[PDB]
């Protein structure tokens, strides 16, 4: 019944910049076959911020027509208005998505817990009676919006069955450990690989993982089975030298032989040939 392992699925682009939907679906099927319980579309690693509001509708519809069960799909929602967050969430939930991965709004800076509580509440009200299965996304290194333990408690208390978990990508164990003690009744999912297995052993329900795009079984052992893997921790450090999402895509290409993954959407830029060789070398030293 736990959340388990979800791939933070990468989004492949053709040379003309459009989404390669067949390649995307095939990659999802591979990740599911290799140990993911679900795939998360349009998250950070998916460049979801860069995927249009019409594109995401086309992609979700195509995934469902291709026969991937909606209950094996999580959709990231990374927008700044109540209306758009509710609309995107409602559409995915109506389609049968397992969960929404909902970021707080990320335009205004230095926002208060009270402001955030009110925003989430307004989104949930706007979704309406069908609201369910929202995982709130704590990724302050990207959004510059922390979801405090206290805020998570306020949300859980007010919205039982609606706020069902937290994706904690803070890399702040002092925070994560409190999420587990106070809110481990929810699905507490852990972004920082060094504390993933540790957190699973303390009741964490898994991960929405970028590395799981190319080391699925290895991440599953951590996220589901609660087993450490120092090689994964080391890989993530070795890759700090490079933009995270473009480097993950380089390793999808390296492990699969699929050249499509090279390409990223602006405002990201391609990893250079020399830097790709460094990334592949770091991977090979650990896993090949």
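Positions refer to the first chain, counted from 1.
Taking only CA atoms, the mean B-factor in the PDB entry is higher for 177-185 than for the other of 102-110 and 177-185. Here the stretch with the larger average CA B-factor, out of 243-251 and 46-54, is 243-251. Within the listed group 59, 260, 28, 41, the record reports its top CA B-factor for 260. Which of 212, 202, 97, 207 has the largest Cα B-factor in the deposited entry comes down to 202. In this PDB entry, the Cα temperature factor of residue 160 sits in the top third of its chain's modelled residues, the highest group. When the CA B factors of the chain's modelled residues are split into thirds, the value for residue 90 lands in the middle one. Looking at the C-alpha B-factors along this chain, the one for residue 126 belongs to the highest third.
Sort the chain's modelled residues by C-alpha temperature factor and residue 69 lands in the highest third, per the entry. Placement of the Cα temperature factor of residue 266 within the chain: lowest third of the modelled residues, per the deposited record.
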